[PDB]
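See structure below.
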Amino acid sequence: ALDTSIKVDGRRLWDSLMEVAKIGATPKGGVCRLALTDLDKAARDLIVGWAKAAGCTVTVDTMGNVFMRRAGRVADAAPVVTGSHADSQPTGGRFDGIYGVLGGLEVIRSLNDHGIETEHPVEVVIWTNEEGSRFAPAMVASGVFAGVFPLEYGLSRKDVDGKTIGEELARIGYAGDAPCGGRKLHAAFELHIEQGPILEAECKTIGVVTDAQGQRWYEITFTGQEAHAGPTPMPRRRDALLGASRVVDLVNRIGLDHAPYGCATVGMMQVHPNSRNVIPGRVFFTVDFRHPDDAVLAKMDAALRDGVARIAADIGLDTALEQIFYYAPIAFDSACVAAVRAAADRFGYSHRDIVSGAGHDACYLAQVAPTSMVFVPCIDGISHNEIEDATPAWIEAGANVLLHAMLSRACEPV
Amino acid sequence: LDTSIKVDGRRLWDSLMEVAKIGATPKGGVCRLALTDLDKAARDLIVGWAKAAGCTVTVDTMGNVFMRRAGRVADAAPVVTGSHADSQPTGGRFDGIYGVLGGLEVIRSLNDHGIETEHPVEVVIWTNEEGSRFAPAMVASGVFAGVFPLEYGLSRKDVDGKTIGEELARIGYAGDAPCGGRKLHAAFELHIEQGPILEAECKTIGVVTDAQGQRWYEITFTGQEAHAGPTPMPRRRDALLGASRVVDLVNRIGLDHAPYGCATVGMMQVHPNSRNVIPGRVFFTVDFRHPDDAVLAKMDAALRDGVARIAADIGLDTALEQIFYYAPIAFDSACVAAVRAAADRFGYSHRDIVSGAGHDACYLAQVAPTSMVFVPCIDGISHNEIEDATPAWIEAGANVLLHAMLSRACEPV
Ligand SMILES: [Zn+2]
Ligand SMILES: [Zn+2]
Ligand SMILES: [Zn+2]
Ligand SMILES: [Zn+2]
């Protein structure tokens with residue numbers, strides 16, 4: 012239970028992270044590699060090539076998810092899968108998502124290095140457009156896989172220029188032939204940086220992820236009337252940016268009113284016509300709500316809808332409000348969680364139970380297969396900023412835990 | 013009260029409908045930003061009309077276009093009129109272009125009636141008056157009037173980094189004439205009111221006596237982009253939260269100086285503008301106006317104090333620049349009286365009025381006797397594609413412009 016002779020090559024994994032970090036590297040040392048751009052294509056191509064060199068067979072499904080499979084002893088056994096996303100935010104870091112993909116690749120290579128045959132096949136997956144930034148919402152491709160969304164929904168999500176996921180998959184050559192979903196998975200694990208400050212602040216090397224908080228995302232367009240910034244008398248103006256700005260403040264208030272765990276953000280805003288001497292006549296913006304308790308998240312939802320109506324009524328704005336994304340907080344599989352904890356104890360790593368504050372493809376996999384996650388810390392807990400960072404020690408430790416948690420389940424007899 | 017010398021209202025209205033085709037939008041407005049190919053097309057068309065009406069044409073270093081109808085005295089200083097042909101992105105069919113085409117109609121009407129003036133008469137197109145694509149407004153007439161150095165006018169940049177100077181060269185309006193320097197005998201600008209007063213009070217003509225002051229600002233808040241989820245709420249430095257609080261503050265400052273205070277945030281750029289990233293940088297603009305310079309200065313102080321307080325509470329870095337300021341200005345009393353007498357000549361109803369917008373005439377007033385003629389606009393709406401005016405209003409303002417110009421252009425040298 013403490014045999015540590017089977018372990019990852021930490022430098023090989025770290026160097027693979029530094030190598031993929033070049034694809035979309037930014038001057039501040041981060042990654043700008045939006046989903047289904049040519050840069051996303053190059054990271055996929057590169058990793059697929061590495062996986063094939065490590066003896067994997069590769070398939071690509073209709074949402075562009077990439078499955079890199081290492082055969083097991085039992086040909087038709089359900090796989091133990093791991094993986095994450097290769098796409099990033101525009102202000103993305105070198106570790107969000109890509110660590111889980113490359114950690115999976117390192118598990119494959121380490122099984123080869125040690126000559127280990129597993130009972131179940133093992134797979135590493137790249138999930139498409141996990142961030143939900145260029146096309147919204149997040150996690151749609153694993154949502155299709157898990158049966159939450161129909162394929163036609165995933166393919167029709169659009170970017171700000173009207174390009175669909177389906178068009179861009181075809182453009183970069185990842186409009187795959189395999190069905191999206193359907194296959195039974197034996198178990199799933201995703202390795203990820205925490206994206207918050209807890210593990211680092213508490214000197215814990217491993218986060219044993221037990222739950223993932225829920226989220227609700229919205230799109231709101233206020234319509235008022237564009238008019239002259241000068242001789243339009245102040246009381247009769249219908250300023251859509253005044254309305255949107257008041258909702259930005261309301262959204263923050265709603266976050267703070269559900270402390271300590273409420274999260275609330277307006278991250279995206281488009282003003283029309285955006286001319287300095289024209290009262291804005293139309294403003295589009297997003298709302299991001301999260302809480303670990305479904306009832307509290309629903310309370311935040313009701314408070315937003317009520318407050319938005321009040322703000323629009325006071326100014327005289329028309330409101331188009333859509334909740335474009337919702338999933339309830341989810342508990343990960345107890346046996347998977349135990350396997351992650353057991354793997355941390357095997358190596359003597361410090362650990363604590365933790366709730367994921369971000370969404371991950373694993374949150375949707377948990378609906379169809381026994382799933383949990385492995386966290387490592389990140390420096391100052393920052394993510395979605397180009398200074399996102401992790402130490403070599405953390406990177407290696409998380410991959411050792413992933414390796415043994417996966418081994419534990421993939422060696423169960425069929 | 014002799015009204016035999018009057019404009020051709022149909023010819024002027026038709027000219028407005030023709031130019032409105034250049035940049036026409038689905039909503040029935042005009043999207044013809046300064047120094048685009050569409051701005052070039054409107055300039056080219058109007059210049060060709062002016063030359064066919066017997067004008068000689070010059071272009072100065074800021075791209076201002078001077079279409080000149082000679083007078084009896086070859087070297088007398090001109091009586092000038094004119095406005096801008098560029099529009100807002102949500103522009104109407106009358107803002108600016110009416111004063112240009114009204115000037116052209118004056119020239120054609122002088123030709124129709126065989127009138128020789130003592131002073132030459134000129135119609136002018138002033139470059140980039142709106143200050144939307146390149147900011148601030150009125151920079152080309154400001155250069156002309158000696159308010160801004162030429163190199164400042166030429167170096168104003170759009171959101172893609174293109175300068176006025178390079179776009180002038182690109183559309184062929186980097187002219188050879190010096191910008192400013194010529195003495196002007198008098199100047200008049202015809203313009204729609206852009207507010208509701210003249211229509212609401214059933215007055216055909218606004219005798220513009222003053223133009224209110226303005227201060228424009230650019231502000232960038234810098235915080236820290238971070239995850240919209242697991243970044244703990246109390247430690248966030250959200251630049252859009254800060255900017256949004258300033259939008260509300262700006263509105264409050266405007267309302268604190270009712271009824272004449274004007275305050276607007278019209279432009280904002282969020283970075284990185286991703287829905288699950290706390291905004292780390294936000295650029296936005298502030299537009300302040302008031303007819304009283306001391307009140308406008310109070311608005312400035314309240315903005316600077318409030319911005320600093322908002323930034324200090326969140327933990328944001330602030331770059332704040334006032335990029336534009338001119339004090340309220342009173343137009344020339346004799347020009348104002350000429351406009352009033354022209355209204356009375358035709359029996360038009362009128363009232364004195366203060367311009368709520370800026371116009372090139374505001375800067376011309378610093379170097380020559382200047383005033384303005386207003387006509388109403390429907391529902392007082394401007395900078396919206398539904399901006400509208402009746403044919404009666406358009407014709408009446410041009411008749412007043414014609415005789416106010418004639419009154420000054422026929423003064424012996
Ligand atoms: Zn991620
Ligand atoms: Zn992310
Ligand atoms: Zn104008
Ligand atoms: Zn205007």
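First to last, the sequence lines map onto chains A and B. Throughout, full-length UniProt numbering is defined as the position within the first sequence, counted from one, plus 11. Throughout, full-length UniProt numbering is defined as the position within the second sequence, counted from one, plus 12. The beta-carbon is built from N, C-alpha and C at its ideal position, and this holds for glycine as well.
Check, Outcome
"Contact check, residue 74(A) vs residue 59(A), beta carbons under 8 Å", "no"
"Per-residue contacts from residue 149(B) into chain A (C-beta, under 8 Å)", "288"
"Buried versus exposed, by CB contacts within 10 Å (16 or more), residue 264(B)", "exposed"
"Per DSSP, cross-strand counterpart(s) of residue 202(A)", "385(A)"
"Local Cβ density within 10 Å of residue 22(A), reported as buried at 16 or more and exposed below that", "exposed"
"Distance cut-off 7 Å: residue 107(A) Cβ against heavy atoms of ligand 2", "yes"
"Per-residue burial, residue 30(A) [other beta carbons within 10 Å of its own, 16 or more giving buried]", "exposed"
"Cut-off 6 Å between Cβ atoms - residues of its own chain near residue 35(B), not counting five sequence neighbours on either side", "42, 43, 44 and 50"
"Neighbour-count burial assignment, residue 62(B), 16 or more Cβ in a 10 Å radius", "buried"
"For residue 347(B), the residue or residues it bridges with in DSSP", "Beta-bridge pairing links residue 347(B) to no other residue."
"Beta-bridge pairing of residue 245(A) - partner residues as DSSP gives them", "None, per the DSSP bridge assignment."
"Residues near residue 214(B) by beta carbon distance below 7 Å, same chain, minus five either side", "361"
"Inter-stretch contact (C-beta, 8 Å, three-pair minimum) for the stretch 325-334 of chain A and the stretch 178-192 of chain A", "no"
"Extent of the continuous beta strand (DSSP E) run through residue 16(A)", "No beta strand (DSSP E) contains residue 16(A), which DSSP labels as neither H nor E."
"Cut-off 6 Å between Cβ atoms - residues of its own chain near residue 155(A), not counting five sequence neighbours on either side", "74, 162, 165 and 191"
"Local conformation of residue 324(B) per DSSP, three classes", "helix"
"Ligand 2 heavy atom lying under 7 Å from the CB of residue 100(A)", "yes"
"Any non-hydrogen atom of ligand 5 closer than 7 Å to residue 395(A) Cβ", "This structure lacks ligand 5; the ligands present are ligand 1, ligand 2, ligand 3 and ligand 4."
"N-terminal and C-terminal residue of the alpha helix (DSSP H) that residue 79(B) is part of", "Element bounds for residue 79(B): not the alpha helix (DSSP H) but the beta strand (DSSP E), 77-81."
"Residues from the stretch 301-312 of chain A in contact with chain B, defined by Cβ distance under 8 Å", "301"
"DSSP state of residue 280(A) mapped onto helix, strand, coil", "strand"
"Cβ-Cβ distance between residue 182(B) and residue 175(B) below 8 Å", "no"
"Nearest neighbour of residue 239(A), chosen from 109(A), 257(A) and 286(A) [CA to CA]", "286(A)"
"Simplified DSSP state of residue 55(B), which is helix, strand or coil", "helix"
"Within the stretch 103-179 of chain B, ranges of the alpha helix (DSSP H) (whole runs, at least 4 residues)", "109-124, 151-156 and 162-167"
"Stretch pair the stretch 237-253 of chain A + the stretch 236-255 of chain B: three plus CB contacts closer than 8 Å", "no"
"Euclidean distance between Cα positions of residue 280(B) and residue 171(B)", "12 Å"
"N- and C-terminal bounds of the alpha helix (DSSP H) containing residue 218(A)", "No alpha helix (DSSP H) holds residue 218(A); the beta strand (DSSP E) holding it covers 217-223."
"Same chain, Cβ closer than 8 Å to residue 52(B), five either side skipped, listed in chain order", "183, 184 and 185"
"Integer Cβ distance of residue 354(A) from residue 296(A), believed to fall under 8 Å", "About 43 Å separates the two Cβ atoms, so there is no contact after all."
"Cβ-based neighbour list, residue 367(B), same chain, cut-off 6 Å, excluding 5 preceding and 5 following", "220 and 223"
"Burial state of residue 128(A), where buried means 16 or more other Cβ atoms lie within 10 Å", "exposed"
"The alpha helix (DSSP H) enclosing residue 299(B), as first and last residue numbers", "Run containing residue 299(B): none in the alpha helix (DSSP H); it sits in the beta strand (DSSP E), 293-302."
"Distance cut-off 7 Å: residue 16(A) Cβ against heavy atoms of ligand 1", "no"
"Cβ-Cβ distance between residue 202(B) and residue 409(B) below 8 Å", "yes"
"Amino acids of chain B, ordered along the chain, whose beta-carbon sits closer than 7 Å to that of residue 239(A)", "206, 369, 394 and 395"
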